[PDB]
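**Student:** The structure is given below, and queries will be raised subsequently.
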Amino acid sequence: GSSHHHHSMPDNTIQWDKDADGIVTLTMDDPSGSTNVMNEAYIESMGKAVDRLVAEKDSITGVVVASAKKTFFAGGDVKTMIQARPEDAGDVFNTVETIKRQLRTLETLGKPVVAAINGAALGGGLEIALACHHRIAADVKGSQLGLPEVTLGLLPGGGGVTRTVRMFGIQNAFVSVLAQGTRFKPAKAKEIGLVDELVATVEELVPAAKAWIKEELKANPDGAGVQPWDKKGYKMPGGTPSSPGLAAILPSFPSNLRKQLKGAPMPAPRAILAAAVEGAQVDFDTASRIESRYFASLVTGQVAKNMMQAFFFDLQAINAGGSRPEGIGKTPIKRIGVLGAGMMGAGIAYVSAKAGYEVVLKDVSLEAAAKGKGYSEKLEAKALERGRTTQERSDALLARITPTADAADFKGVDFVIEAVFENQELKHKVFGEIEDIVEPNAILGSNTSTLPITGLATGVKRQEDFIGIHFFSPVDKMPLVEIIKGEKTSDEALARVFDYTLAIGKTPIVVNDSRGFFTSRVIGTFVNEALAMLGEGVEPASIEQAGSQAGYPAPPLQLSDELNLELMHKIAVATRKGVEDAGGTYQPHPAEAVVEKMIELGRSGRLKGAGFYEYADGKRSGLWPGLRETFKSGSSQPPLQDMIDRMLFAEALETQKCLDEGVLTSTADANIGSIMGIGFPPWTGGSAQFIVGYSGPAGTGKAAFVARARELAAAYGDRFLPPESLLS
Amino acid sequence: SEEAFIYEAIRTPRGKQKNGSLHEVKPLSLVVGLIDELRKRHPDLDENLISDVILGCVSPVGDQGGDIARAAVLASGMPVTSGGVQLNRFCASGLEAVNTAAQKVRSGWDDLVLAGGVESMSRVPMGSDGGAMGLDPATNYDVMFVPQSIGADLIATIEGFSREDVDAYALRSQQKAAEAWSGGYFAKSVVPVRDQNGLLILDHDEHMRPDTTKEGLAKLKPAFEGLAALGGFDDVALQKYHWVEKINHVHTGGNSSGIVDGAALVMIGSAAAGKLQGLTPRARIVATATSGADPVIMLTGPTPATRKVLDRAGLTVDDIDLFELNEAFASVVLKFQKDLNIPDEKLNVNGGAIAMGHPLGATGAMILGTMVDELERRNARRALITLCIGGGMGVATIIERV
Amino acid sequence: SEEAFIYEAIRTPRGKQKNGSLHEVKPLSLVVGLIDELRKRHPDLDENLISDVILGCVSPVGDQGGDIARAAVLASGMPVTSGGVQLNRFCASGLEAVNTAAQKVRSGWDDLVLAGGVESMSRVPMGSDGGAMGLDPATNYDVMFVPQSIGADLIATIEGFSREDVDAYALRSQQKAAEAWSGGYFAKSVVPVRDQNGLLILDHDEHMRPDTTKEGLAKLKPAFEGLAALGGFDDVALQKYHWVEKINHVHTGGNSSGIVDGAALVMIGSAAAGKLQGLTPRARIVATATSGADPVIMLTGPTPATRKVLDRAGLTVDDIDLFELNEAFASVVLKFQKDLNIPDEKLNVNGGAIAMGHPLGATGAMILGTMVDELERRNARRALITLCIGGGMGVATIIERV
Ligand SMILES: O=C(O)c1cnn(Cc2ccccc2)c1
Ligand SMILES: O=C(O)c1cnn(Cc2ccccc2)c1
Ligand SMILES: O=C(O)c1cnn(Cc2ccccc2)c1
Ligand SMILES: O=C(O)c1cnn(Cc2ccccc2)c1
Ligand SMILES: O=C(O)c1cnn(Cc2ccccc2)c1
Ligand SMILES: O=C(O)c1cnn(Cc2ccccc2)c1
Ligand SMILES: O=C(O)c1cnn(Cc2ccccc2)c1
């Protein structure tokens, strides 16, 4: 390839302007959207502009790259990248090579090129700015700069890896910029060298750019338009891999990376480190081509498609109201009343206050409801000292909450959220003394995790407005809300809770009433598979290693100690009674025997002070040594990949059941609900995406998943048999 | 067809890493000195019969670069037809050079070959040559690279070797090295290093601490020098050895091999070559074998290689009089003894690298010559020599006294 | 004792030094690509029967340090029992690896061995490893060190080879390499290099200049880049060759071997190893020999090495059908041809390193695999392969088609 073009062409994105001094201004303004994006239209547009910059080289003295959108440039074309098959590797490689040829020609024109960064410059947007010789950013609110490609399972393939390594060296570029896709405000970007100077308003950008060009030509004629790595004598910060200082610590870079990822199978960080170090061993142009090959391997791989499916398509179908009832207007929410002080009730009050709602915190007594407001109080006692004080807004937030201890203060409430002890008789009561004091149109929301919403509804007179609203602790940080429809819950009540969820900046999923709902039911199979393996004699250390290497945020035995094993015993008893009441019989899970053996030994979790781990001074300090004698650890030694797949497949199969039973109505809710609600590993794209994106010895796809599940079923049990819906 | 015989086996004393006597001596001079010693012992040997010089060297860079074996041929004034080849198989390079020499003789296409190794770790530190397994991230990540000391700590953790167990073996190594020196066991094979004027530079193994006590070994701190002090390697090791919860770090500078300078030379030939030059054979190379094990634990190669060479020779453990295993780490020797049920009085009877040092490329030839002398001194029949290797490899050799 | 057979012999194309296609490819990847190609051709071969991987590498530094042969075993997912050893004997390293593999098989102590070499000269240039002969002024001063190019010019001066003589050979090499590529002679032994996505990187020897003319070769200037361009080396050479008054500098970049990147692999085993794996033997290794000559002229080693291997195999020049000598310099080949009266139609019949390049550590295995293919293509019987070496060494091998 040797062209600035890749392949009714797309419409032009860049406007050309040459002023009287010979300075050409390239303004990026994609007419097909509100954001400049690295799509086919941009590539053809920049190709034309760069062709012209070379053709008119004798009348051009400098270049300014600007944007006419609210942002500078953000993101790539995910619709295209998600379709790239392994047979399209050549096309993907040719595309990024074409993009970087354009940027390389711009960079080696023989004259200064300034980037006028008016707003967000993310991904390919910052890669455009890094190909310029000078970067001016407007220090306006909301502006971000960074290379977040890794968060979608990709890498900065338009030169971002090569250029940041040349600018900052291998260690600083990888740790602080590339490996986590960190986003920087314009002030912090100037401090670390990502940006060179700041201006207060966007209107000063292009004038400041043309002025710097004028001064660079006067004061630095020989170096004008020459990047530092294109000069003789360039020294890479931190040294090259062949430098003795860097060679001493370089072998520890992959091992520290494995330590952070805990052995999880995310290929993007490994590829970024490989491209960075390999690129630092050769000239810039060779380094750039190496970067393209690692980019193509990520795009044509499956993990990138999982993460693009979840964090781009699925999360935007949800925010666009895919599960919201159709044809229902909005209804204002004036006062919100929480029926409970505690870790749940307090967190709900804060997230409602910050969204712009007045909250009334009721409890059994005002001295207990004061402790509830004390949780939001300590949350503000932290936010203040971290340089994040909203001042009057924070005080108004805490002022919004008002403890009481009597039903009389719920007078103007049109949105109730109870958070009290799990007891129908209690819940049926605490809604009775509040049902008539609230507004006639008020929504009666319950934050239960076990009790059926349809059964709780019978305790109120307006059952069309009774609905489940399930939060996750800590409420201020957990971004998912699980909305549960009772049998008599109306579409209007569902739509209003949906709007409330978006208003407080959280993500809703809509679940139909069923034992365990979605999140608690699916995470139960994850925990129960681990406890089964412990009862089968598998080493506890192998079980925790399998959880971490599968990609879970917490290994499953550690999670059991924090869910409290007594609470796991209660969920087992309740599931029994209910199954027996409707005439059925309950096949007990092998985990229940493990749960009971731990309780009778006085080891029931972290609050108790002793569980599967030992606890000293509150902190976790190693597995309990008596665990191996109790369960005959070592008597069973299955391969680690079998333990990993047993935990992932158990959750993926339970998710498919929920979709078949109508508990969930979309795979978007399943994927986002599993990732954000219970911590299903993001590399999978969700417990539902894991089926179409499975990859192993059997191959890749739904059929490979079916084959592997049957393989697991033969070895470990029929709970791994794939459902009819997954078969051809 | 042709049998390979050992006619000479000599070595320099081992100089220590810090303020060591051999720091001022080019590694090329260490080899040339041993060549001159061979000439002194056989001043009428026709060196034109010598067809190759094979030297192991793990860091062939700088002073040790450019085929140092050929440099030794030219600098010592050996015939230009004597060849010269450098090879690297990590810790077993010295024994691999001897085994390759023996196999060249057995093939019938060579008659008399010099083999050995040289390593000046004070002038060319370990890792000076770089490498892919460590410095290339894509393959480092895939093979799960872990430093040797952490694999040795993992062995002690898995096998149940306490800190006192590895320190007890280290004390025993110091005692047997001191007894061998004071008893004159090394007088015939350790060639003192001398300068261009004939002045003495070194005549003993500087790294030894004969007054080592169990209390002194207990005061030492676990290893924290170099790559191991960097982070992540413990977690990488446990990601593969997932049934182990925590690694017990028992190895220190007092129960691990010493970093030293040294060289060794072995003269190997056929029966006809020895008869022609009036050489008396000291031992016969019975069999050789190369095998390996897991490269993350990295030090368990000795056991399969030892079984393989016993099977190829038709022998069992009971047929062997002396076992010589390089003392890279105390836990490696204790694992080897436990796996094969080696009797204590047969294993490393003259002390090992913990007391005297481990000059990477030369060690294999050094401990082989040690066994040639100890067989002749005891009037014993067979010895088995083996070393653990980086990358999880293993080399083993059986010699028979003649 | 046991007979050693060649079962496979492959190589990469050779990428050029300046703006070469292989500059972006780690030398470890060059080897892994060839290992994967062996898997495609024998998917059912039990890799546990492979006991060693022997790679020649002249600059074992950086990307080529850390025993690249062991790195290749681990990176390619070969069994951890498969060993892996790096060796350096300058230009013959690739052939020495094959010979050591054959001698390991003949000794009965190894059964199936991979041998070859790797050199990425565009990434790791010559001399990157330093050298005990250029950094030890005392040694340099005494051995009278001279770069290979001055030795080749001195051969041209002593023997009466003119500038047109050596340029005529260079033209002949370009022609025969072009004819070999056009005739499909290399279609099944040159394995195209591809990236991690299957995209082609290189599938031909990009150093070739098939449209070379005698007038174009005459315009080139005598070689004056590298160590030779510096002072003194002419005077050093003539202090030894004191009857020569002046050296005729006839060698240029157009009649000397090219600087290239490449790798090569050969699978060598016993007859029993082949039978057990369902492998077809392609040639038998009849004999090997290692000799040498004066290190100042530095490039006349191939002459006694060829006589030594012929005497050992009980053969004469008449019995050899194809002669393959590495074209390090044009005058080296012309002296070999004159000294042994080699017919033109038998010497380097498919072109050589002048046209296709000389990737140091791999060249020996490349031209060996070239002769295996051409013997099969011609239905001839015996080929002799030899290479000149720095330091005045020589290596030679006779193979017989099976
Ligand atoms: O660096 C980035 O983030 C980036 C994103 N898209 N692109 C261009 C591209 C689009 C389609 C297919 C291949 C490449 C580069
Ligand atoms: O985390 C921080 O605040 C920080 C500040 N400086 N650094 C080092 C650095 C240098 C160059 C580029 C990126 C980072 C990290
Ligand atoms: O061993 C060191 O000296 C070291 C220094 N920083 N880090 C963190 C790091 C992790 C992954 C990649 C690059 C850097 C390790
Ligand atoms: O994806 C994650 O969870 C993650 C965590 N750290 N990193 C990159 C990193 C590696 C080493 C040291 C510092 C940062 C990625
Ligand atoms: O989706 C892909 O393209 C892909 C490629 N490899 N893997 C598994 C893997 C992950 C992390 C490190 C090593 C291997 C997934
Ligand atoms: O055995 C089951 O059916 C089961 C279901 N969920 N869990 C774990 C859990 C504990 C506390 C709160 C939520 C979930 C166990
Ligand atoms: O050829 C060169 O590059 C060169 C450089 N300095 N000299 C003179 C010199 C002679 C003896 C010792 C040291 C320097 C020759």
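For the structure tokens, the naming scheme is as follows: chains receive sequential letters (A, B, ...) according to their order of presentation, residues are indexed from 1 within each chain, and ligands are indexed from 1 in presentation order.
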All residues within 6 Å of ligand 5 are required, counting only C-alpha atoms and all ligand atoms; please report them as a PyMOL selection string.
**Tutor:** chain A and resi 265-267+298+301-303
**Student:** Output C-alpha atoms for every residue in that selection, as a PDB file, in the first residue's frame.
**Tutor:**
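File produced: part-v3.pdb:
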```
ATOM      1  CA  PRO A 265      -8.089 -13.894  29.058  1.00  0.00           C
ATOM      2  CA  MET A 266      -8.208 -10.290  27.854  1.00  0.00           C
ATOM      3  CA  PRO A 267      -5.911 -10.096  24.791  1.00  0.00           C
ATOM      4  CA  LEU A 298      -7.712  -7.637  18.068  1.00  0.00           C
ATOM      5  CA  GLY A 301     -10.834 -11.569  17.335  1.00  0.00           C
ATOM      6  CA  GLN A 302     -13.887 -12.428  19.390  1.00  0.00           C
ATOM      7  CA  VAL A 303     -13.252 -10.588  22.682  1.00  0.00           C
TER       8      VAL A 303
END
```
**Student:** Please provide as a PyMOL selection string all residues within 9 Å of residue 34 in chain C, with the sequence filter that same-chain residues fewer than 5 positions apart are discarded (counting only C-alpha atoms).
**Tutor:** chain C and resi 10-12+29+39+191+193+263-265
**Student:** Identify every residue of chain A that has at least one atom within 12 Å of any atom of chain C, counting only C-alpha atoms, and report the result as a PyMOL selection string.
**Tutor:** chain A and resi 85-94+240-244+247+271+274-275+277-301
**Student:** Report as a PyMOL selection string all protein, DNA and RNA residues lying within 12 Å of residue 484 in chain A, evaluated on only C-alpha atoms, omitting residues in the same chain fewer than 5 positions from it.
**Tutor:** chain A and resi 323+445-454+456-457+465-471+489-491+493-495+497-498+508-519+663-664
**Student:** Hey, what's within 7 Å of residue 250 in chain C if we count only C-alpha atoms and toss same-chain stuff fewer than 6 positions away? As a ChimeraX atom specification, please?
**Tutor:** /C:153,162-163,222
**Student:** Find the residues in chain C near chain B: any atom within 6 Å counts, using only C-alpha atoms. Write them as a list in words.
**Tutor:** residues 1, 61, 62, 63, 65, 66, 71, 80, 81, 83, 85, 86, 87, 88, 89, 103, 104, 106, 107, 129, 130, 131, 132, 291, 292 and 293 of chain C
**Student:** Looking at only C-alpha atoms, which of C:17, C:212, C:306, C:175 is the one that sits closest to residue 121 in chain C?
**Tutor:**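 Nearest candidate to residue 121 in chain C out of C:17, C:212, C:306, C:175: C:17.
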**Student:** Select the residues contacting ligand 6 at a distance of at most 10 Å, based on only C-alpha atoms and all ligand atoms, then format the selection as an MDAnalysis selection string.
**Tutor:** chainID A and resid 449:450 515:517 519:529 559:576 588:592 595 678
**Student:** Store the residues picked out above in a file with N, CA and C atoms, as a compact mmCIF listing (two decimals), in the first residue's frame.
**Tutor:**
```txt
# COMPACT_ATOMS: atom_id res chain seq x y z
N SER A 449 -35.08 -8.53 47.64
CA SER A 449 -34.22 -9.42 46.88
C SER A 449 -34.70 -10.87 46.88
N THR A 450 -35.72 -11.20 47.67
CA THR A 450 -36.21 -12.57 47.76
C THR A 450 -37.72 -12.64 47.59
N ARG A 515 -38.86 -16.27 41.15
CA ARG A 515 -38.00 -16.54 42.30
C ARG A 515 -36.55 -16.22 41.97
N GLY A 516 -35.95 -15.34 42.76
CA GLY A 516 -34.58 -14.92 42.54
C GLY A 516 -34.40 -13.80 41.55
N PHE A 517 -35.45 -13.41 40.83
CA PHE A 517 -35.40 -12.36 39.80
C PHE A 517 -34.36 -12.79 38.77
N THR A 519 -30.60 -11.19 38.78
CA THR A 519 -29.24 -11.06 39.29
C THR A 519 -28.97 -12.05 40.42
N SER A 520 -29.86 -12.10 41.42
CA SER A 520 -29.64 -12.99 42.56
C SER A 520 -29.69 -14.46 42.14
N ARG A 521 -30.54 -14.79 41.17
CA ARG A 521 -30.65 -16.17 40.72
C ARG A 521 -29.41 -16.61 39.96
N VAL A 522 -28.89 -15.75 39.08
CA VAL A 522 -27.75 -16.13 38.25
C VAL A 522 -26.47 -16.19 39.07
N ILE A 523 -26.26 -15.21 39.95
CA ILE A 523 -25.06 -15.23 40.79
C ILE A 523 -25.10 -16.39 41.78
N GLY A 524 -26.29 -16.92 42.08
CA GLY A 524 -26.37 -18.08 42.95
C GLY A 524 -25.75 -19.31 42.32
N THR A 525 -25.96 -19.51 41.01
CA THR A 525 -25.35 -20.64 40.33
C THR A 525 -23.84 -20.52 40.29
N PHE A 526 -23.32 -19.29 40.22
CA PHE A 526 -21.88 -19.07 40.28
C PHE A 526 -21.32 -19.49 41.63
N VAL A 527 -21.93 -19.02 42.72
CA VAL A 527 -21.46 -19.36 44.06
C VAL A 527 -21.66 -20.85 44.33
N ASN A 528 -22.80 -21.41 43.92
CA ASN A 528 -23.10 -22.80 44.22
C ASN A 528 -22.18 -23.76 43.48
N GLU A 529 -21.75 -23.41 42.27
CA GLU A 529 -20.78 -24.26 41.57
C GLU A 529 -19.46 -24.31 42.32
N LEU A 559 -16.36 -14.23 47.93
CA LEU A 559 -17.69 -13.64 47.79
C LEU A 559 -18.70 -14.29 48.71
N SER A 560 -18.57 -15.60 48.95
CA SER A 560 -19.49 -16.28 49.86
C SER A 560 -19.34 -15.77 51.28
N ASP A 561 -18.11 -15.46 51.70
CA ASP A 561 -17.90 -14.93 53.04
C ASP A 561 -18.53 -13.56 53.21
N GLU A 562 -18.70 -12.81 52.12
CA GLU A 562 -19.27 -11.48 52.20
C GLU A 562 -20.77 -11.46 51.94
N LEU A 563 -21.30 -12.48 51.26
CA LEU A 563 -22.75 -12.64 51.15
C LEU A 563 -23.37 -13.22 52.41
N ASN A 564 -22.54 -13.68 53.36
CA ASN A 564 -22.96 -14.34 54.59
C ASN A 564 -23.59 -15.70 54.29
N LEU A 565 -23.01 -16.76 54.84
CA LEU A 565 -23.48 -18.11 54.55
C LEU A 565 -24.82 -18.41 55.22
N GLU A 566 -25.11 -17.74 56.34
CA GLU A 566 -26.42 -17.90 56.96
C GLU A 566 -27.52 -17.38 56.04
N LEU A 567 -27.27 -16.25 55.37
CA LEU A 567 -28.24 -15.74 54.40
C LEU A 567 -28.40 -16.69 53.22
N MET A 568 -27.33 -17.41 52.86
CA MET A 568 -27.45 -18.43 51.82
C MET A 568 -28.28 -19.61 52.30
N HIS A 569 -28.19 -19.94 53.59
CA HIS A 569 -29.01 -21.00 54.15
C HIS A 569 -30.49 -20.62 54.11
N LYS A 570 -30.80 -19.36 54.42
CA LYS A 570 -32.19 -18.91 54.42
C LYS A 570 -32.80 -18.98 53.03
N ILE A 571 -32.05 -18.53 52.01
CA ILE A 571 -32.55 -18.60 50.64
C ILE A 571 -32.82 -20.04 50.23
N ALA A 572 -32.05 -20.99 50.77
CA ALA A 572 -32.30 -22.40 50.47
C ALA A 572 -33.58 -22.89 51.12
N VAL A 573 -33.84 -22.48 52.36
CA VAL A 573 -35.04 -22.93 53.06
C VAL A 573 -36.28 -22.34 52.40
N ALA A 574 -36.24 -21.05 52.07
CA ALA A 574 -37.39 -20.39 51.47
C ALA A 574 -37.72 -20.99 50.10
N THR A 575 -36.69 -21.24 49.28
CA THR A 575 -36.90 -21.89 47.99
C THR A 575 -37.54 -23.26 48.16
N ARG A 576 -37.21 -23.97 49.24
CA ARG A 576 -37.86 -25.25 49.54
C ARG A 576 -39.36 -25.07 49.76
N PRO A 588 -32.10 -30.69 46.23
CA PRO A 588 -31.15 -29.79 46.90
C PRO A 588 -29.84 -29.72 46.14
N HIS A 589 -29.28 -28.52 46.08
CA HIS A 589 -27.99 -28.35 45.45
C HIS A 589 -26.89 -28.84 46.39
N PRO A 590 -25.85 -29.49 45.86
CA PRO A 590 -24.76 -29.97 46.72
C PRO A 590 -24.11 -28.88 47.56
N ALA A 591 -24.25 -27.61 47.16
CA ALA A 591 -23.65 -26.52 47.91
C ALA A 591 -24.27 -26.38 49.30
N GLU A 592 -25.55 -26.73 49.45
CA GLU A 592 -26.22 -26.57 50.73
C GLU A 592 -25.55 -27.39 51.82
N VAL A 595 -22.58 -25.45 52.84
CA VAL A 595 -23.00 -24.30 53.64
C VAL A 595 -23.29 -24.74 55.07
N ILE A 678 -23.89 -8.22 38.71
CA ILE A 678 -23.26 -9.27 39.49
C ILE A 678 -21.79 -9.47 39.15
```
